[PDB]
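Structure first, commentary second.
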Amino acid sequence: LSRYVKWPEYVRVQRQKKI
Amino acid sequence: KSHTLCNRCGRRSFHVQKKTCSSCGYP
Amino acid sequence: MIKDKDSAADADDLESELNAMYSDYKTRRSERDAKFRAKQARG
Amino acid sequence: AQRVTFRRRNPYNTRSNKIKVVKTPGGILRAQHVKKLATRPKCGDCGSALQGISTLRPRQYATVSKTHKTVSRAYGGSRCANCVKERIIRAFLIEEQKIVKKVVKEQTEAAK
Amino acid sequence: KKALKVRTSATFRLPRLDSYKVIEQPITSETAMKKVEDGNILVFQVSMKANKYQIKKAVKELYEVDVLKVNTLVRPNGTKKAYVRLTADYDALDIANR
RNA sequence: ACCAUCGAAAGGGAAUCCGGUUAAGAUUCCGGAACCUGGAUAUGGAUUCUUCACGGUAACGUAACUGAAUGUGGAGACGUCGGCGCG
RNA sequence: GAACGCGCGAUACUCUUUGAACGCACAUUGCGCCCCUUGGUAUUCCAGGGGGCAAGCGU
Ligand SMILES: [Zn+2]
C-alpha cells in the first residue's frame, strides 16, 4: 500500500528537518 | 462537411474533429 | 493513550518511519513498469 | 401482401428494435415493436434458474410483492435448495472438524 | 512525559417574464379559428422563453378561464405557437368574441 | 476509502394502443381505452392474548407477514453455425 | 467581434443569446446547487419571480 497519506507534506518535511 | 459554425465569429470554420476554429482560433 | 516519554528513542523511531516511507515511495515509483518487477524476481 | 416498416426513429435491424406484424381492428397489417424478453433469476452458487421466482424486467420487480420474488426457505430468492443444503452440511462438518482438531491439540501439548 | 494516543487515522484529510410578456398575440388564421370554434382550443403566439406552465398560468390570469391542456410548438419563423385547450365549462367561441 | 468531466438520435434504457380527422398535422390532434414514475395521505385487512403470520416429508405455496451498519448474489450483460419442435 | 430581433435591445430607427466570458457542460437553447419570496387545497407537492456559485511525534 501507500500509507504515506497519513502525513501531509508539511508535517513530513518539518519532521525530516528534525533529523 | 469538415467545418461547422463557429460560435465566436459565425463563420463555417470550426473544424469538427479538431474542435478548433481556423479563422478566429476558438478557444 | 501512552503516558511516557523517551529522549532519543522517539528520534530513532521517527527516523525509522521516515526511512520506511522513503523506501516504500521508491518501490512504488519504480514498480510502474513490469520490467522492474520481472528483474526483481530474479534479483 | 401489405408491407410494413418501423414506427420509430431507428431504421436499422438492431436488437433494440424488433417488429411483429398484427392485423388491427381496421382490417390492415401494421407493425408493432416488441420489448426484450425477461431473464429468469439465477442461483448465486451454481447459476441455475431459481425456482418459484417470477421472471420480470429489472424495474418490474419493484412493483410486485415479496412472495413473488422470494422462497420461504433460508437464502430463498438468492440460492437454490441443493446449494443451501450443501452449505448447511459443509458448515456443520467444518465445525465438527474444528472441535476434533482442538481436542487433538489439547492432547498433544498436554504432554508437557 | 508526553500523553500521546495510539488509534490514529490511516489517512489524513483536510479539516422579466409576466403574463403580458408571455402571450404576444393570438393566432387568427382560418385553421386557428376553426380550432377555436370547433375544438374549444385557443391558438396563441407566445415567447421563446415561456414553457407550458407559464403559458397556462398567463392564459388563466389574462382571460379568467380554466385551462385543460397546453400544446406548444416552435414555428419555422422563430416564433412559438401554443394550442390552449380549455375545460368544458368554458366556450372558446365566447372567449374569442370577448 | 479514491477521484472531475467529455465521449453513441445504430450500444444499455420506466411507461400508448385502436378508430377517425386536414388542402397540407399524427403512436403528438379528436373519441374511447390503458399504462409508467414520483409524492402526500385516508380507509379496509393482516400483524390471533395482548408485541414482527402460516402450510407441505420435500421441491415450494401465500392477500399481507418490521429489519441499521456491514458483507454478497441476480437482472442489465454479451462469439458463431447446424438440424429438430412450437407460436 | 458574432447570432437573433425592433440606430437600437422585449423600455428595442434600459441594454435579448454570446464573446477575454466566469456554476458545470456544449456541434445540446443540456444539467445542477445555494438564499429570499409569491401562487395553486398545502408543514411535505408543483410552479413562477428576484439574487448568487470561474493542521503538525516543528520549536
Ligand atoms: Zn444453486
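Protein chains in written order, with my numbering: chain A, 1 to 19; chain L, 1001 to 1027; chain F, 2001 to 2043; chain B, 3001 to 3112; chain V, 4001 to 4098. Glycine is no exception: its CB is placed at the ideal position from the N, C-alpha and C atoms.
On the DSSP letters alone, give me the boundaries of the beta strand (DSSP E) that residue i sits inside.
i: B:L3056; result: Premise fails: B:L3056 is in no beta strand (DSSP E) and is neither H nor E.
i: V:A4082; result: 4080-4086
i: B:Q3097; result: No beta strand (DSSP E) holds B:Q3097; the alpha helix (DSSP H) holding it covers 3081-3108.
i: V:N4071; result: 4067-4074
i: V:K4057; result: That residue, V:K4057, is in no beta strand (DSSP E); its alpha helix (DSSP H) goes 4052-4063.
i: B:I3019; result: 3019-3023
i: L:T1004; result: 1003-1005
i: L:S1013; result: 1012-1015
i: V:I4041; result: 4041-4046
i: B:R3030; result: 3029-3033
Where does residue i land, buried or exposed, given buried means 16+ other C-beta within 10 angstroms?
i: V:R4013; result: exposed
i: B:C3046; result: exposed
i: B:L3050; result: buried
i: L:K1001; result: exposed
i: V:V4074; result: exposed
i: L:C1009; result: exposed
i: V:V4036; result: buried
i: V:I4055; result: buried
i: V:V4065; result: buried
i: F:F2036; result: exposed
i: L:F1014; result: buried
i: F:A2038; result: exposed
i: F:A2011; result: exposed
i: V:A4092; result: buried
Would residue i and residue j qualify as a contact pair, given that the criterion is a beta-carbon distance under 8 Å?
i: V:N4051; j: V:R4085; result: no
i: B:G3044; j: B:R3079; result: yes
i: B:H3033; j: B:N3017; result: yes
i: V:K4049; j: V:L4017; result: yes
i: B:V3064; j: B:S3054; result: yes
i: B:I3019; j: B:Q3002; result: no
i: A:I19; j: F:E2015; result: yes
i: A:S2; j: F:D2033; result: no
i: V:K4002; j: F:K2005; result: yes
Among the options, which has the Cα closest to the Cα of residue i?
i: V:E4061; options: V:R4016, V:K4002, V:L4073, V:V4022; result: V:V4022
i: V:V4046; options: V:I4027, V:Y4063, V:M4033, V:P4015; result: V:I4027
i: V:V4059; options: V:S4009, V:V4043, V:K4002; result: V:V4043
i: V:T4031; options: V:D4066, V:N4097, V:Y4083; result: V:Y4083
i: residue 3115 of chain B; options: B:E3095, B:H3068, B:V3004; result: Residue coverage of chain B in this structure runs from 3001 to 3112, which leaves residue 3115 of chain B outside it and unanswerable.
i: B:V3022; options: B:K3105, B:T3005, B:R3009, B:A3111; result: B:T3005
i: V:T4072; options: V:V4065, V:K4081, V:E4064; result: V:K4081
i: V:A4088; options: V:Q4025, V:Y4020, V:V4067; result: V:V4067
i: V:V4006; options: F:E2017, F:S2007, F:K2003; result: F:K2003
i: V:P4015; options: A:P8, A:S2, A:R15, A:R12; result: A:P8
i: V:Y4053; options: V:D4094, V:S4009, V:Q4025, V:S4019; result: V:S4019
i: B:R3040; options: B:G3076, B:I3094, B:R3057; result: B:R3057
i: B:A3038; options: B:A3031, B:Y3061, B:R3030; result: B:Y3061
i: B:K3035; options: B:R3015, B:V3084, B:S3048; result: B:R3015
Between which two residues does the alpha helix (DSSP H) containing residue i stretch?
i: B:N3013; result: Counting along the chain, B:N3013 falls outside any alpha helix (DSSP H), and DSSP gives it neither H nor E.
i: V:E4024; result: Taken as a continuous stretch (DSSP letters only), V:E4024 belongs to no alpha helix (DSSP H), being part of the beta strand (DSSP E) at 4023-4026.
i: F:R2037; result: 2034-2042
i: F:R2029; result: 2009-2030
i: V:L4093; result: 4092-4097
i: B:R3007; result: Where B:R3007 is concerned, there is no enclosing alpha helix (DSSP H), given that its DSSP letter is neither H nor E.
i: A:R12; result: 9-16
**Prompt:** Closer than 8 Å, Cβ to any Cβ of chain A: which residues of the segment 2022-2038 of chain F, in chain order?
**Reply:** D2024, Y2025, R2028
**Prompt:** Of the residues that make up the segment 4048-4060 of chain V, which ones have a beta carbon closer than 8 Å to any beta carbon in chain F?
**Reply:** none
**Request:** With 7 Å as the C-beta to C-beta threshold (strictly closer), list the residues of the segment 4002-4017 of chain V near chain F in chain order.
**Result:** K4002, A4003, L4004, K4005, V4006
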